[PDB]
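This document opens with one chain alone, in structure tokens, the form deposited in one PDB entry.
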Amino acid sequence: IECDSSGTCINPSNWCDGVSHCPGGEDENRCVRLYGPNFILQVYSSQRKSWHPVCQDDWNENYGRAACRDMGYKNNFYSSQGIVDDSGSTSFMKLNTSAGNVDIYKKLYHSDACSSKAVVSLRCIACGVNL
């Protein structure tokens, strides 16, 4: 509810709803994240007011690259594949392949299961290796 750059507060239904309500944009620029050491792609749902894994259903590199841009990685993209959920989640976000030209988190809707029975693991940049 509270925006960061200002002391502004907004309604939770207005968090990650495709429309800018915070003066600093905080409500609409951290809607995509990578969860845990296995990089489970998650998206904030304004309806359930919680984070949820993204179904592998219909997913591909175009969508993974778009999630990476939204996260701030610009043109970077490393690897992506479907994995079985280890985050302990009960509900998921499913891709609407006819959603149009909106941000990634707005092309997903709630679904109690994924048809491909897998969630998206996504790495935006080749990091974390030495030697």
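Rigid core here is just the name for the largest C-alpha set that superposes within 1.5 Å across the two forms. Position 1 is the first residue in the sequence shown; the rest follow in order.
**Student:** Root mean square C-alpha distance from this form after a core fit in 5 other deposited structures of this protein: higher for 26-34 or for 81-89?
**Tutor:** Between 26-34 and 81-89, greater C-alpha deviation in 5 other deposited structures of this protein belongs to 81-89.
**Student:** Determine, among the other compared PDB entries that model residues flanking residue 7, whether at least a third leave it unmodelled.
**Tutor:** It is, since residue 7 is left out of at least a third of the other entries that model both flanking stretches.
**Student:** Residue 67: absent from a third or more of the other PDB entries compared?
**Tutor:** No.
**Student:** Taking the recorded C-alpha temperature factors, which stretch has the higher mean, 29-37 or 44-52?
**Tutor:** Result of the comparison: 44-52.
**Student:** Check the entry's C-alpha temperature factors for 65-73 and 89-97, then say which stretch has the higher mean.
**Tutor:** Result of the comparison: 89-97.
**Student:** Sorting by Cα B-factor within the chain, modelled residues only, which third would residue 14 end up in: lowest, middle or highest?
**Tutor:** As the PDB entry reports it, the C-alpha B-factor of residue 14 lands in the highest third of its chain.
**Student:** Select lowest, middle or highest to describe the third in which the CA B-factor of residue 113 falls within its chain in this entry.
**Tutor:** Top third by C-alpha B-factor.
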